[PDB]
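Everything below belongs to structure_32.cif, which stores mmCIF, C-alpha atoms.
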```
data_model
#
loop_
_atom_site.group_PDB
_atom_site.id
_atom_site.type_symbol
_atom_site.label_atom_id
_atom_site.label_comp_id
_atom_site.auth_asym_id
_atom_site.auth_seq_id
_atom_site.Cartn_x
_atom_site.Cartn_y
_atom_site.Cartn_z
ATOM 1 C CA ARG A 329 -69.217 5.238 68.412
ATOM 2 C CA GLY A 330 -66.956 2.836 66.528
ATOM 3 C CA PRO A 331 -64.158 1.388 68.689
ATOM 4 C CA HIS A 332 -61.573 3.258 66.565
ATOM 5 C CA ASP A 333 -63.606 6.252 65.345
ATOM 6 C CA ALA A 334 -62.279 8.787 67.861
ATOM 7 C CA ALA A 335 -58.662 7.758 67.521
ATOM 8 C CA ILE A 336 -58.887 7.822 63.714
ATOM 9 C CA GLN A 337 -60.601 11.272 63.638
ATOM 10 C CA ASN A 338 -57.939 12.707 65.954
ATOM 11 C CA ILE A 339 -55.051 11.332 63.873
ATOM 12 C CA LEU A 340 -56.640 12.433 60.608
ATOM 13 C CA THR A 341 -57.231 15.965 61.919
ATOM 14 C CA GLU A 342 -53.543 16.184 62.950
ATOM 15 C CA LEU A 343 -52.399 14.883 59.553
ATOM 16 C CA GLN A 344 -54.537 17.443 57.754
ATOM 17 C CA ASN A 345 -53.157 20.234 60.000
ATOM 18 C CA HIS A 346 -49.547 19.163 59.403
ATOM 19 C CA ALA A 347 -47.022 21.406 57.653
ATOM 20 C CA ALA A 348 -46.223 18.587 55.221
ATOM 21 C CA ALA A 349 -49.856 17.701 54.416
ATOM 22 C CA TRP A 350 -50.626 20.265 51.699
ATOM 23 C CA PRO A 351 -49.791 18.014 48.662
ATOM 24 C CA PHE A 352 -52.022 15.239 50.046
ATOM 25 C CA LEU A 353 -55.181 17.144 51.126
ATOM 26 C CA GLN A 354 -57.077 16.364 47.931
ATOM 27 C CA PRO A 355 -56.820 13.900 45.057
ATOM 28 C CA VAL A 356 -54.187 14.573 42.471
ATOM 29 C CA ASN A 357 -55.652 16.669 39.667
ATOM 30 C CA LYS A 358 -55.381 14.804 36.340
ATOM 31 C CA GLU A 359 -55.322 18.030 34.318
ATOM 32 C CA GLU A 360 -52.285 19.235 36.281
ATOM 33 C CA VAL A 361 -50.612 15.799 36.304
ATOM 34 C CA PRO A 362 -51.899 14.079 33.148
ATOM 35 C CA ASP A 363 -50.182 10.670 33.546
ATOM 36 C CA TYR A 364 -50.630 10.270 37.326
ATOM 37 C CA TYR A 365 -53.424 7.655 37.149
ATOM 38 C CA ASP A 366 -51.565 5.745 34.453
ATOM 39 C CA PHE A 367 -49.106 4.819 37.172
ATOM 40 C CA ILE A 368 -50.932 5.031 40.489
ATOM 41 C CA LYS A 369 -53.619 2.327 40.595
ATOM 42 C CA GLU A 370 -54.746 2.747 44.229
ATOM 43 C CA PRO A 371 -54.820 6.515 44.636
ATOM 44 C CA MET A 372 -55.436 7.982 48.058
ATOM 45 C CA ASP A 373 -55.493 11.408 49.749
ATOM 46 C CA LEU A 374 -56.633 12.852 53.055
ATOM 47 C CA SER A 375 -60.034 14.072 51.823
ATOM 48 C CA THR A 376 -60.776 10.546 50.658
ATOM 49 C CA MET A 377 -59.705 9.220 54.061
ATOM 50 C CA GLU A 378 -61.989 11.753 55.774
ATOM 51 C CA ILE A 379 -64.897 10.692 53.550
ATOM 52 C CA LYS A 380 -64.209 7.007 54.236
ATOM 53 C CA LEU A 381 -64.096 7.721 57.989
ATOM 54 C CA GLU A 382 -67.456 9.594 57.874
ATOM 55 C CA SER A 383 -68.979 6.856 55.666
ATOM 56 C CA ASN A 384 -68.145 4.148 58.261
ATOM 57 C CA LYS A 385 -65.429 2.510 56.135
ATOM 58 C CA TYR A 386 -62.809 2.250 58.922
ATOM 59 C CA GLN A 387 -64.020 -0.639 61.100
ATOM 60 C CA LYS A 388 -60.473 -1.908 61.409
ATOM 61 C CA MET A 389 -57.657 0.475 62.277
ATOM 62 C CA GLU A 390 -55.624 -1.564 59.743
ATOM 63 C CA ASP A 391 -57.703 -0.141 56.871
ATOM 64 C CA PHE A 392 -56.933 3.443 57.905
ATOM 65 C CA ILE A 393 -53.243 2.694 58.260
ATOM 66 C CA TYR A 394 -53.286 1.046 54.828
ATOM 67 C CA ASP A 395 -54.800 4.154 53.282
ATOM 68 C CA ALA A 396 -52.301 6.477 55.029
ATOM 69 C CA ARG A 397 -49.536 4.291 53.615
ATOM 70 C CA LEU A 398 -50.957 4.630 50.064
ATOM 71 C CA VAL A 399 -50.613 8.382 50.399
ATOM 72 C CA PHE A 400 -46.955 8.143 51.472
ATOM 73 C CA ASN A 401 -45.958 5.222 49.234
ATOM 74 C CA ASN A 402 -47.811 6.329 46.119
ATOM 75 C CA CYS A 403 -45.991 9.652 46.508
ATOM 76 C CA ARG A 404 -42.537 8.074 46.716
ATOM 77 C CA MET A 405 -43.427 5.752 43.852
ATOM 78 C CA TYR A 406 -44.401 8.567 41.429
ATOM 79 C CA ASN A 407 -42.009 11.352 42.437
ATOM 80 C CA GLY A 408 -38.212 11.503 42.308
ATOM 81 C CA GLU A 409 -36.262 10.987 45.532
ATOM 82 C CA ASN A 410 -34.869 14.552 45.175
ATOM 83 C CA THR A 411 -38.253 16.305 44.897
ATOM 84 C CA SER A 412 -40.102 18.285 47.551
ATOM 85 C CA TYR A 413 -43.013 15.772 47.345
ATOM 86 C CA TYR A 414 -40.764 12.907 48.353
ATOM 87 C CA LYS A 415 -39.538 14.993 51.307
ATOM 88 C CA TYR A 416 -43.109 15.849 52.376
ATOM 89 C CA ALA A 417 -44.101 12.154 52.183
ATOM 90 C CA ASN A 418 -41.205 11.158 54.429
ATOM 91 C CA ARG A 419 -41.969 13.891 56.942
ATOM 92 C CA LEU A 420 -45.706 13.188 57.077
ATOM 93 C CA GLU A 421 -45.053 9.466 57.461
ATOM 94 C CA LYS A 422 -42.611 9.937 60.350
ATOM 95 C CA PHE A 423 -45.259 12.087 62.021
ATOM 96 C CA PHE A 424 -48.004 9.557 61.336
ATOM 97 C CA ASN A 425 -45.918 6.671 62.714
ATOM 98 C CA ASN A 426 -45.267 8.573 65.957
ATOM 99 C CA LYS A 427 -48.919 9.591 66.395
ATOM 100 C CA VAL A 428 -50.180 6.012 66.012
ATOM 101 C CA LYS A 429 -47.342 4.284 67.861
ATOM 102 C CA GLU A 430 -47.940 6.476 70.929
ATOM 103 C CA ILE A 431 -51.404 4.965 71.426
ATOM 104 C CA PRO A 432 -50.629 1.671 73.184
ATOM 105 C CA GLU A 433 -53.583 -0.189 71.582
ATOM 106 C CA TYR A 434 -52.168 0.423 68.080
ATOM 107 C CA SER A 435 -48.413 0.233 68.745
ATOM 108 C CA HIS A 436 -48.328 -3.322 67.306
ATOM 109 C CA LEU A 437 -49.301 -1.880 63.883
ATOM 110 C CA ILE A 438 -46.257 0.399 63.464
ATOM 111 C CA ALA B 15 -44.916 21.011 38.861
ATOM 112 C CA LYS B 16 -45.354 17.369 39.816
ATOM 113 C CA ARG B 17 -44.177 14.893 37.190
ATOM 114 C CA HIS B 18 -43.209 11.204 36.965
ATOM 115 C CA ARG B 19 -39.665 10.427 38.094
#
```
Turn the structure described in the file into structure tokens.
Amino acid sequence: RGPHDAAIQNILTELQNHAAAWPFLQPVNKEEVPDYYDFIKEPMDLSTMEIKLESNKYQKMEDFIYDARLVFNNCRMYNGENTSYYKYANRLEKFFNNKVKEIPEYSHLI
Amino acid sequence: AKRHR
């Protein structure tokens, strides 16, 4: 197994299970949010992260963290600070930061 | 609905 595969799978599973994860489980639907991709140039979501993980795309923990940050940051970039989406992003990020920081090998990345 | 800020 990849040196980070197990840690990444565990964190991703927890993210997907999280109360605040629902908006981020799949790519944003263009028919429901017609201008989304006009603004967000590096889209990301948890199903994409799962597919990347399974496709051996996360050799460096840094790449996984980058993708998690696209989910949170893209969300706060597109949505108003007073919206539920902004709140979910903040909550899921706080959770993510704690989950990674608590693994000593990756604490330097948070 | 989700919409640009």
Residues within 6 Å of region 370-383 of chain A, please, as a PDB file with C-alpha atoms, in the coordinates of the input. Count all atoms listed in the file; anything in the same chain fewer than 2 positions from it doesn't count.
```
ATOM      1  CA  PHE A 352     -52.022  15.239  50.046  1.00  0.00           C
ATOM      2  CA  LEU A 353     -55.181  17.144  51.126  1.00  0.00           C
ATOM      3  CA  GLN A 354     -57.077  16.364  47.931  1.00  0.00           C
ATOM      4  CA  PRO A 355     -56.820  13.900  45.057  1.00  0.00           C
ATOM      5  CA  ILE A 368     -50.932   5.031  40.489  1.00  0.00           C
ATOM      6  CA  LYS A 385     -65.429   2.510  56.135  1.00  0.00           C
ATOM      7  CA  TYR A 386     -62.809   2.250  58.922  1.00  0.00           C
ATOM      8  CA  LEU A 398     -50.957   4.630  50.064  1.00  0.00           C
ATOM      9  CA  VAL A 399     -50.613   8.382  50.399  1.00  0.00           C
TER      10      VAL A 399
END
```
For chain B, work out the contacting residues on chain A at 9 Å, counting only C-alpha atoms, and write them as a count of residues only. 13
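Interatomic distance, CA of residue 424 (chain A) to CA of residue 346 (chain A): 9.9 Å.
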Please, what distance in Å, to one decimal, runs between CA of residue 336 (chain A) and CA of residue 433 (chain A)? 12.4 Å
To box region 350-368 of chain A, take all atoms listed in the file, fit an axis-aligned box, add 3 Å on each side, and give centre and edge lengths in Å to one decimal, as AutoDock Vina command-line options.
```
--center_x -53.1 --center_y 12.5 --center_z 42.4 --size_x 14.0 --size_y 21.4 --size_z 24.6
```
List, as a ChimeraX atom specification, every residue that the PyMOL selection byres ((chain A and resi 434-437) around 10) selects in the file provided. /A:332,335,389-390,393,425-433,438
Find the residues around residue 330 (chain A) up to 8 Å (only C-alpha atoms counted), leave out those fewer than 3 positions away in its own chain, and share them as a PyMOL selection string. chain A and resi 333-334+387
Computed gap from CA of residue 394 (chain A) to CA of residue 418 (chain A) is 15.8 Å
Extract chain B from the preceding block and save N, CA and C atoms as a PDB file, in the first residue's frame.
```pdb
ATOM      1  N   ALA B  15     -31.451  27.712  -2.914  1.00  0.00           N
ATOM      2  CA  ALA B  15     -30.625  27.530  -4.098  1.00  0.00           C
ATOM      3  C   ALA B  15     -29.244  28.124  -3.853  1.00  0.00           C
ATOM      4  N   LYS B  16     -28.248  27.588  -4.538  1.00  0.00           N
ATOM      5  CA  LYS B  16     -26.901  28.114  -4.498  1.00  0.00           C
ATOM      6  C   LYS B  16     -26.735  29.131  -5.585  1.00  0.00           C
ATOM      7  N   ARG B  17     -26.172  30.296  -5.311  1.00  0.00           N
ATOM      8  CA  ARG B  17     -25.991  31.287  -6.373  1.00  0.00           C
ATOM      9  C   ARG B  17     -24.808  32.180  -6.014  1.00  0.00           C
ATOM     10  N   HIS B  18     -24.118  32.685  -7.032  1.00  0.00           N
ATOM     11  CA  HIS B  18     -22.962  33.570  -6.832  1.00  0.00           C
ATOM     12  C   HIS B  18     -23.248  34.763  -5.916  1.00  0.00           C
ATOM     13  N   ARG B  19     -22.345  34.980  -4.979  1.00  0.00           N
ATOM     14  CA  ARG B  19     -22.419  36.064  -4.017  1.00  0.00           C
ATOM     15  C   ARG B  19     -22.312  37.419  -4.710  1.00  0.00           C
TER      16      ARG B  19
END
```
